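> This is the structure, below, for whatever I ask next.
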Amino acid sequence: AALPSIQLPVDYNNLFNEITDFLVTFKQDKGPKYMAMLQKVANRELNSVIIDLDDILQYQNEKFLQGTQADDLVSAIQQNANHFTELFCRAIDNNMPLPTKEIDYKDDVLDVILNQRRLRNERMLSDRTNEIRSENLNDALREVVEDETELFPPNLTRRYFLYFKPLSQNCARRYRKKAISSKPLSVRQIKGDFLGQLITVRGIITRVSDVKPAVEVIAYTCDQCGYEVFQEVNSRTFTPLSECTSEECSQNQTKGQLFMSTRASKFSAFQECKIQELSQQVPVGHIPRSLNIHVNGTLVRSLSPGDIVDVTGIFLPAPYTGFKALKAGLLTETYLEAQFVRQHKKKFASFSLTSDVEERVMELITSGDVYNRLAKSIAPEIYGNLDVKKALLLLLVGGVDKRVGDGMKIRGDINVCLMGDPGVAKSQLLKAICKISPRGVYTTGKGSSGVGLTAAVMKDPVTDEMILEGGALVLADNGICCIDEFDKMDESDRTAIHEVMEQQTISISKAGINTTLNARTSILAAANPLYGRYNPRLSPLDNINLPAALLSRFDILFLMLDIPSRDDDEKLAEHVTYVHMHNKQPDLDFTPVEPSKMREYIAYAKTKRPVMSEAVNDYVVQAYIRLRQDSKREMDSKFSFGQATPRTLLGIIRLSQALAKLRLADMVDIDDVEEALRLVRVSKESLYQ
Amino acid sequence: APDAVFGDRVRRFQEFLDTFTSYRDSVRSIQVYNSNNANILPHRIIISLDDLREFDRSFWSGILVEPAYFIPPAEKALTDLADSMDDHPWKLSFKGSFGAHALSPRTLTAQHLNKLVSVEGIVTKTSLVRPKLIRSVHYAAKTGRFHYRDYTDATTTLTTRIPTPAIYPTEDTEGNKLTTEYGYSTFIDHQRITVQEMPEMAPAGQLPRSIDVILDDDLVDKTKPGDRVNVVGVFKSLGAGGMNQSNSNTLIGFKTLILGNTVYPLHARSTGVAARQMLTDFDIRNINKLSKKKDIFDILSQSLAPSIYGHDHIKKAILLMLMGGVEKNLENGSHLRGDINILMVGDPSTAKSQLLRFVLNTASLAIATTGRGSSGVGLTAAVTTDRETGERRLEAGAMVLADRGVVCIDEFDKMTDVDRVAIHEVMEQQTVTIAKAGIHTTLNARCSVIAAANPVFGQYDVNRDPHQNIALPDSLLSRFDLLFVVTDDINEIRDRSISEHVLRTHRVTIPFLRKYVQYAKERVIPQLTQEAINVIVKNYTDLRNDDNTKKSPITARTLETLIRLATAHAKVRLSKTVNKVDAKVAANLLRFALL
Amino acid sequence: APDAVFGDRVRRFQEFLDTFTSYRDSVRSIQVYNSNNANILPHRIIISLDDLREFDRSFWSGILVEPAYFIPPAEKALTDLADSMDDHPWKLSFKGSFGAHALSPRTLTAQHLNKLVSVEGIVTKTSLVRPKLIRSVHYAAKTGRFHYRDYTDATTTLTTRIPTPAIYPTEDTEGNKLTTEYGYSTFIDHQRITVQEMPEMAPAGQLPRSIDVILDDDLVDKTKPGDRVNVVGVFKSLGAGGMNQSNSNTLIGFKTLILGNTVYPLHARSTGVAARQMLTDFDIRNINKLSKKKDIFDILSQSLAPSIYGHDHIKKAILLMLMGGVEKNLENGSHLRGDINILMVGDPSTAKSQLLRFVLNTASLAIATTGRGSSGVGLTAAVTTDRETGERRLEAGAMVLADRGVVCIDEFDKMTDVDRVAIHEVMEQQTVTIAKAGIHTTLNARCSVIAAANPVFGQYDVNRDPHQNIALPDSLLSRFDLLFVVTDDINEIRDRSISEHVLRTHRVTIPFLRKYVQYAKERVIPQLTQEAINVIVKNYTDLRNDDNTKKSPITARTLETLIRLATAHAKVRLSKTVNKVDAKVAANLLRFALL
DNA sequence: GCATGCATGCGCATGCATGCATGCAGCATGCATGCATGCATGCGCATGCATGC
Ligand SMILES: Nc1ncnc2c1ncn2[C@@H]1O[C@H](COP(=O)(O)OP(=O)(O)O)[C@@H](O)[C@H]1O
Ligand SMILES: Nc1ncnc2c1ncn2[C@@H]1O[C@H](COP(=O)(O)OP(=O)(O)O)[C@@H](O)[C@H]1O
Ligand SMILES: Nc1ncnc2c1ncn2[C@@H]1O[C@H](COP(=O)(O)OP(=O)(O)O)[C@@H](O)[C@H]1O
Ligand SMILES: [Mg+2]
Ligand SMILES: [Mg+2]
Ligand SMILES: [Mg+2]
Ligand SMILES: [Zn+2]
């Protein structure tokens, strides 16, 4: 016959029973975990449920090891994820406990409406039962009652979202299984055979659309019969109804006109994102490709441009959208549906103390000598350069912003310029810092210019509104911007960095745009003398091209020269040759700290805000007076990169605050200012050889 | 229903496969590999048209002239043999001489329709690999049954068939609702490409001709734009050329395209496709024997461009560049370069361009460029384009295509700062960074560079220091691993000798050299040794603390260059570790270059 | 494509056939016979619905209520079993109890549509057996190849299918002409009949109801008009009841009919179907044992109509008539009669009608008639009718239906000359001749006759000679082999005894007797013997040359009658030759009848 | 034997199922065209860069 039938090794009743038992039975190594979660959900302190597959695997293995049979719910979900969502939703709805807290005036309108709907359901059921019993024409009575009455379906009474998360490699390895759902893949490797599965993709985000309401069920109200009509929608477009469909209007001769009711509708928060290949995954001589991701519900706003992430999702198809003339059969377009996001570098803003972080941080601080121990751990394969490594660490930590009132503001970030002879690993240090930073961006001269920095006006494909796409500076907001070949930049770009490093903003006034952008970022610049090697026979300011004011506005400026020395050359050569012969550093008395723990400690330190007192103020003013008195004589002899100015005092203050924060103290101390002055002094040591 | 001629052709092709015994064992090997490893191999093999001609001329002509009647029988015979020999359907590909059926997009006319053809050209644009729906599966809630349906279209079969446009089911036969099973459905890939006549053969001043091609399943992503390609397939016509219905329009004709079934990339000079040769056991024995002699480096060095006189050190340097060093990546994520770079400055009749062209011709993957010929985006791939799908992206440039290969630059001094700054990053970090409106990416550009330049005063002057004679940024000169200076001085004996040599010309082989280079670069990766460590340390210290006037400055780049040269010489030696001899050769060559 | 439910049902029916082993050996026997005898047997088997119910009730109800989904699987299972067990498709027939699915054309309503039914009725009109074209074969002259095509219609399967109206091919695909091969094509028979409610069960004074039936292949010529038939089939509906297109007419409904799959003729009184029984080895042993007892004739004669008193000689005569003699045909083409005829004349309360009705009830094929009930054409079948094909033909009458059987005539003396002249030919030549407009034929009417008549004066009178009491033409009397005269004379003892016998009644079995007569009439054919020849010669001479006044004349018909009685008594004895005892018994019986 | 009445066959009117065409009118449908949309194109201006003086 037409539409034959086929037999598969899948039974849904057994799986549903197993789901119910799992939801009501699981215990982690207190009552059931998921039952407590449901109690919170009913009490209205939660919105999302996360189902982990490691729990399911543990449940299955526990059932097996003691003999009783169990099905491979893990494999079933992995292969046909999209179908189990409804099974889980129904299983949960069959078990949701009652609310233990009354509904008050400080609750959500959504919850109010849901409660009203449930009470109304109970009212019709009771009324129908009473009416039927009155006739004198209990399971049969109940059954006829459900059969002869209309209700609000469960989906219009649910209040929570449900998501899955993949199987951990550790758990699969311990249980002797192969975690397919948690093997990272590139957009290159995702082919058609993977459709309908739960898979993990490793990539870098490039574009994210704004959050907008996506409709799932439209609601209309009929004034004639007082009914509510619900129309499902699962397409990119739909058609509104005109005439009633309720039973009364259907039977009657005069039908009422439907109207639209936004509040009763069922909306979803929807975003679309574009993910791109990583460099190391692209084959030789090819261009990276992209992929489309959809985010629905409470998982929105979890992705921002420039993030390197692992996204778990269900791979689903979509209707074809190319030209008709090139269509050959039933071609389809693909996308990923998001379920779980894992960042490769945890943002500072999301910091929160906890036993696991506490033990590691206390271990590190107990080990002692935190300052030097961290400083030596930045790019440990580069020899020497301890002072610049310390300065870079202080730049990473940052200072303290100050809100002085009356609308004014004082920056709290540190700006560093390295200026050196060729072949001293400036680019290596730049790249290492950009990698260690959680929002570090990297740039090189003519590669990016104009709208490459700042932002440009474009039109969103998803929505029909105009938007601004940011450049490197906006992408590096609340982070580090590393610039190579600083002196080769164009005048417009130089002015852009000028204004950013002045007041953390960028003003644009051009055809079709009149606005200001926020660029709360730190600057780490690299530069090379104007004649290649430094010429001691010429003044420092004539040895460089950038404007003296631009040099001055930097908090820290280092000069790096290559003076041959038969002693230190031996040490450097031994270091480099050891680094090549192995893949590790040579020192054995020092153990470097990994970037994860470094980020942990820096994030913790950023929570502090030390303050300044009178003794330190007196010391600072005396030091500033002495330094300002001295610098004038040097500048007169044309042997200084710049005269001392109040920006120097502000830089000293910021460095002292950063050192205090690193020490993890609310109180600043004289030794911090001592170290800051030591650094700012040694900044120009090589100029006096 | 069964057809007598169809069965007869099946039997005849079965006899062919029986008389020839390579394809049976090939199929057995494919099945054995798949069974053992469960990666999976496709169910396809290749046949020799020459063998077919020798066996049965009638069947040969039948396949060549009427594939629609002769291929499906052979495919069925192959499938039957595979299913019989084993403890999806299989497919066929063709190699051999096509005689008059080897054409080009310009010489492909309507008289070749429905006949198997082989076209050569350059890929101009590919399409996005999309899945195609074949079989759909559904589940019934009210009954607990699984239903399915099948689909097909015009391009999946050679013989015309009566359309059967089955609809997508949403209800059961009884009226119940249906649920879709994406994981239990079946999808197949599909791509479309365009091929154009090569620019080395197309008429000049005349617009080019192009032809479409459709690829399916396991032939879906075997090429990229800009490749030289040879495609063997069936040239077919589809649809009705406006005949059906009135269709008053008469201008349009019949749609045509190729149901491609074999695709081959071809190597060419100044192209992104690398050359690769198959190595035989005789080749391996010969190369391994040759490696054991003591003057192998000298022999290989002299083998290069024997038509030119002298320049032994430059020949050795070119060989070292070809072999290359080794690059290191640390767990932290740091990258350490392993390529080599060469610059030559000399008098204007010293065969600089000749050596440049020789390296272009012999290198497996090389791209040639001149000073002002390519500028701006043409070098860094900084151009942006977009299709009708709305997405913008990049298309590769000189150095980007040159990844893992060689770039020859002629008239080097003629460049500008806008692109010298750009090439700084390529020569040191081996990456390219782009940031335009809506694009922020990074492209790997791991390539080596050979360049030649002229002195400022026409002829090299010995009365001035090298700075005035070269006049190039010191930072740039630092990035080049080796710099050579060559001057022609008149001398009766040398002039005599070059005269006899040139007159001789005017009245080891390269292929074996290429095989040697391929094996050496693919198989062996040596490691450092304490002896070499000490030798390099001593030599670098001496150079840094010597007062002699040099042509180039000294940095840590010199130490890294010494290490790279030692490793490359070890690679030439085919040893697993660098040695004192290799270190000394590297030091001696560097000293000769500098002094 | 394959269907899971179809496969499950096939496997279940396979299990049924495995558990029940009779059908397997039946199929093996059919194949054995068809192989050995090359007449060919068809591929059809009968299944028991009772066994199906006992095995699987759900499957039983499935077949009963939805045959369209359950039968084809069973047919496929049977075909598979046959093709597996052997060293066309096969078909099924159903017997057993149909419960509420046994109906009649009056009680057959729309609620039974698509359900397996069993109807009973009388065949009213059969149709002409025509061949149906299935597969056509053609030959191409220009190319020397044979093509073919297949055809189908709506009535060849239970399940609906998408129409595929292929056309008759006259040309090749290339344009060549084609020549048909009538000898290599394939044709199948086809017939349509109509069944009506029985006349003994339909309400009196009401018009009857009828239903059509379609038969195909080997069920094509199993019945004739006027027969009692039970047909088991599938009640089905075809076409669209004017729904498609406008078709403004609403009076007509859906066409319906039965795709019959089993046909059974049934025996009834005064009907053209002969009754037959199946003889078991127990039956044969009992009959053969009984054969050896000396008083077998006496016991058999007494067994008939034990409710009546006396008439022993008449019972003997009726038994002799039932057994019958032998008819002879010579190489010349002459025919010699072998039947017997009986006439009874008696007083009006002598159970004549009772004996006559007993013979009607017991004889395998008997037809009953009254004096004036049937007249003219009704006896000789001389009626002429025609269909819409335009041809005229004959439809059989009483004696024509009575071929090889018995005719009971009651109130014989009320007939007329016009039909007594007709019956003369039937009694003597055993043939009927008709010569009407466009009809000149001759029908075989080999039947025996038993008749009863009343004396002229109400009661037989002994004071007058037999002629005045009988008053029938001497020619007619000569044709009756035996004539009996029976009178009731009052007598105290006889009246007493008949009284007790009748009162006893008012307060060997027949089936075994019927089996006995069937076996005797089918198996034994005796021959004449010189002893009987001499005895009959002497008896005939004496009778012809005696002076006693007889009740009937004497001719050579009397000698032939002696022969027939002797042969029939030998048949009763189951001896292969007549004997002196049989001759003497025949002579004694005839002498008693005449005197 | 002789006269009548009933059945029976012959002849004369007529209605009635099949099967076909023809003029006609109705109804789905292709076809003219009316349009917004998104895209690529060239088309000058501002200007950073290289060159000559
Ligand atoms: N102090 C050092 N220790 C180890 N390697 C170094 C050091 N200084 C320079 N190098 C090497 O020299 C190269 C300098 O390249 P780069 O990082 O671009 O610096 P620059 O821009 O000054 O040339 C690097 O590849 C690095 O490995
Ligand atoms: N060392 C040499 N031995 C033989 N021939 C040479 C040598 N140097 C130059 N020539 C000849 O002189 C010509 C130089 O051409 P070209 O390579 O264009 O000059 P250049 O490279 O110096 O610009 C070549 O055709 C080559 O045959
Ligand atoms: N010899 C007999 N033995 C028993 N019953 C007889 C006998 N003769 C007549 N009868 C009874 O008398 C009735 C005669 O009915 P019927 O056969 O119509 O009379 P007839 O045959 O003389 O015309 C029957 O019902 C039968 O039972
Ligand atoms: Mg650098
Ligand atoms: Mg040249
Ligand atoms: Mg009677
Ligand atoms: Zn309504």
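The numbers used for chain C are those of Swiss-Prot, and the residues that appear cover 16-53, 90-138, 151-570, 651-738, in sequence.
The backbone N, Cα and C atoms fix where each Cβ goes, and this holds for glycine too.
As annotated by Swiss-Prot, domain 'MCM' applies to C:359-566. Residues annotated as ATP binding site in Swiss-Prot, with sequence analysis given as evidence: C:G409, C:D410, C:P411, C:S412, C:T413, C:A414, C:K415, C:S416. Residues or ranges marked as motif 'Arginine finger' in Swiss-Prot: C:541-544.
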> Taking a Cβ cut-off under 8 Å, which residues six or more beyond the ends of the motif 'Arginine finger' (C:541-544) line up next to it in the same chain?
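Those are 403-406, 487, 490-491, 512, 514, 695-696, 698, 700, 704, 707-708, in sequence order.
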> Would you mind sorting out which binding-site residues among C:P411, C:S412, C:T413, C:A414, C:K415 put a C-beta under 6 angstroms from ligand 2?
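Not one meets the Cβ criterion.
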> Starting from the ATP site formed by C:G409, C:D410, C:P411, C:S412, C:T413, C:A414, C:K415, C:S416, give every other residue of that chain whose CB sits within 8 Å of the mean position of their CB atoms, in sequence order.
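Other same-chain residues near the ATP site: C:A515, C:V549, C:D551.
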> Would you identify which of the binding-site residues C:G409, C:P411 has the most other C-beta atoms lying within 10 angstroms of its C-beta?
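That would be C:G409, with the most Cβ atoms nearby.
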> In this structure, which of the binding-site residues C:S412, C:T413, C:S416 has the fewest other Cβ atoms within 10 Å of its Cβ?
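Lowest Cβ count within 10 Å among the binding-site residues (C:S412, C:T413, C:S416) is C:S412.
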> Near the Cβ of C:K415 (ATP binding site), how many other Cβ atoms are there if near means within 10 Å?
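Step by step: centre on the Cβ of C:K415 (ATP binding site), count other Cβ atoms within 10 Å, giving 23.
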> When secondary structure is assigned with DSSP, how many helix, strand and coil residues does the motif 'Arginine finger' (C:541-544) contain?
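Breakdown, helix to coil: 2 helix, 0 strand, 2 coil.
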> Non-local Cβ contacts of C:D410 (ATP binding site) (under 8 Å, 6 or more apart, same chain)?
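In sequence order, the residues whose Cβ lies under 8 Å from that of C:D410 (ATP binding site) (at least 6 apart) are C:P518, C:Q522, C:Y523, C:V549, C:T550, C:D551.
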> Given a separation of at least six residues and a C-beta threshold under 8 Å, show me what packs close to C:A414 (ATP binding site) in the same chain.
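The answer is C:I371, C:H374.
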> Filter the binding-site residues C:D410, C:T413, C:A414 down to those with CB closer than 6 A to an atom of ligand 6; keep them in sequence order.
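Cβ < 6 Å from ligand 6: none of the binding-site residues.
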> Could you tell me which three-state DSSP class C:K415 (ATP binding site) falls into?
helix
